[PDB]
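Working notes for the structure below.
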Amino acid sequence: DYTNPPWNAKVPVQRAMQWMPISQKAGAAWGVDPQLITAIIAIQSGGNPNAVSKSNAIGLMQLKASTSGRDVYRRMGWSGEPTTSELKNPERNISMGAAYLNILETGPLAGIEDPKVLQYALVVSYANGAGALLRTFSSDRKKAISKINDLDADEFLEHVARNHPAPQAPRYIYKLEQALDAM
Ligand SMILES: CC(=O)N[C@@H]1[C@@H](O)[C@H](O[C@@H]2O[C@H](CO)[C@@H](O[C@@H]3O[C@H](CO)[C@@H](O[C@@H]4O[C@H](CO)[C@@H](O[C@@H]5O[C@H](CO)[C@@H](O)[C@H](O)[C@H]5NC(C)=O)[C@H](O)[C@H]4NC(C)=O)[C@H](O)[C@H]3NC(C)=O)[C@H](O)[C@H]2NC(C)=O)[C@@H](CO)O[C@H]1O
């Protein structure tokens with residue numbers, strides 16, 4: 001199951017808390033909880049700004065140029081996508097991750113009223129994609145939402161654990177909570 005193997009948030013949180021001044025800046029700019037940004041950093045890279053994955057996600061918030069990067073750039077009115085170089089810059093990385101969270105929050109995920117579930121929707125949508133999250137409820141965006149609103153955090157987490165194709169989906173929520181406890 002997804003609680004396995006357990007995760008000790010403390011050190012990843014210890015190194016992620018160092019960027020808080022930046023997360024506060026980025027968070028204010030994009031209307032995003034600075035701790036949520038910090039939680040993702042901790043879960044995604046453990047706070048190393050030079051992090052590069054197998055799938056080729058970059059930096060502190062582990063952004064993929066060709067998806068989240070492309071999306072933020074489009075939100076800005078810019079063509080193309082960020083270079084790997086930009087994304088290793090902590091500030092560029094964090095602001096762009098925060099921008100991506102606001103994009104999710106005001107696009108695909110618009111409509112979640114319960115902010116605790118919403119914060120759950122965001123970590124799963126961030127790490128595995130919004131559409132992937134939504135199609136576990138229905139192929140229609142608005143129907144998927146109305147269902148989501150009839151759940152409490154514990155229920156939404158249930159549904160994720162068994163109706164979400166990716167096994168890691170529910171584990172991000174767990175790591176999340178492990179990260180918020182460690183703040
Ligand atoms: C190595 C290390 O140190 N740590 C690893 C860590 O890297 C691993 O996790 C990885 O995390 C990153 C981000 O944290 C993951 O990146 C995800 O990947 C998603 C899957 O591809 C991606 O979802 C897609 O995003 C697109 C853009 O938003 C979606 O397209 C858009 O659809 C919208 C509606 O749905 C539409 O309105 C837009 O027009 C459209 N835009 C475009 C440009 O297409 C697309 O639908 C969506 N896919 C799905 C299925 O929903 C996320 O955007 C992307 N997030 C970010 C922030 O980049 C990455 O996938 C993870 N790695 C791997 C290999 O999967 C972690 C794994 O457990 O391990 C750590 O240790």
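Atoms considered below: every heavy atom in the structure, side chains included; atoms not considered: hydrogens, waters and symmetry mates. Just so you know, residue 1 is the first one in the sequence shown, and it goes up from there.
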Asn163 to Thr136 - nearest heavy-atom pair and separation: O-CG2, 3.2 Å
Non-hydrogen atoms of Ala98 and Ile37 that approach each other most closely: CB-CD1, 3.5 Å
Nearest heavy-atom neighbours spanning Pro170 and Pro167: CD-O, 3.1 Å
In one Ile/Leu/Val/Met/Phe/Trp/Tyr side-chain cluster, 4.5 Å: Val123, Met183: yes
Gap between atom CD of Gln62 and atom OG of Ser68 - 0.5 Å precision: 10.0 Å
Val124 reachable from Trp7 in the ILVMFWY side-chain graph, under 4.5 Å edges: yes
Contacts of type side-chain contact (heavy atoms from CB on, under 4.5 Å), residue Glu177, not counting sequence neighbours: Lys116, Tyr120, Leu180
All pairs passing salt bridge (charged side-chain N to carboxylate O under 4.0 Å, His left out) where residues 156-168 contributes a residue, at least two apart: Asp1-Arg162
Expected output: side-chain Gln178 to main-chain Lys175 donor-acceptor under 3.5 Å: no
Nearest heavy atoms of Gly111 and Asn149, plus distance in Å: O-ND2, 3.1 Å
Distance-only side-chain donor-acceptor flag, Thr38 / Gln35, under 3.5 Å: no
Aromatic plane relationship, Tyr2 with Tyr174 - under 30° parallel, 30 to 60° tilted, over 60° perpendicular: tilted
Residue pairs passing the ring pair (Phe, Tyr, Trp, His ring centres under 6.0 Å) test where at least one lies in residues 51-81, sequence neighbours excluded: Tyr73-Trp78
Note, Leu122 side chain near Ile40 side chain (heavy atom, < 4.5 Å): no
Residue among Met96, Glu86, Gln44 satisfying side-chain contact (heavy atoms from CB on, under 4.5 Å) with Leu63: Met96
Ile112 side chain near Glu105 side chain, heavy-atom distance below 4.5 Å: no
Value rounded to 0.5 Å, distance of CG in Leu104 from OH in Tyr126: 8.5 Å
Inter-residue atom distance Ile43.CD1 - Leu176.CG, 0.5 Å rounding: 5.0 Å
Side chains of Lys25 and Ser95 in contact at under 4.5 Å (non-hydrogen atoms): no
Shared hydrophobic cluster for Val52 and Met61 (ILVMFWY, side-chain gaps under 4.5 Å): yes
Atom CZ of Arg92 with >12 non-hydrogen neighbours under 6.0 angstrom: no
Spatial distance of atom CG (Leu151) from atom CG (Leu157) [nearest 0.5 Å]: 10.5 Å
By side-chain contact (heavy atoms from CB on, under 4.5 Å) - contacts of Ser55 (at least two apart): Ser53, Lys64
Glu155 atom CD, over 12 foreign heavy atoms within 6.0 Å: yes
Between CD1 on residue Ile173 and CD on residue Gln119, distance to nearest 0.5 Å: 10.0 Å
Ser146 vs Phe137 side-chain heavy atoms within contact, under 4.5 Å: no
Summary of salt bridge (charged side-chain N to carboxylate O under 4.0 Å, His left out) pairs that have at least one residue in residues 129-145, sequence neighbours excluded: none
Exercise: identify the closest heavy-atom pair between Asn93 and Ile58: ND2-O, 2.9 Å
Heavy-atom side-chain contact between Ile22 and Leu60 under 4.5 Å: no
Distance (rounded to the nearest 0.5 Å) between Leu118 CG and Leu36 CG: 9.0 Å
Heavy-atom closest contact (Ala166 atom, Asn128 atom, distance): CB-ND2, 3.5 Å
Qualifying residues under side-chain contact (heavy atoms from CB on, under 4.5 Å), relative to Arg75, sequence neighbours excluded: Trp30, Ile103
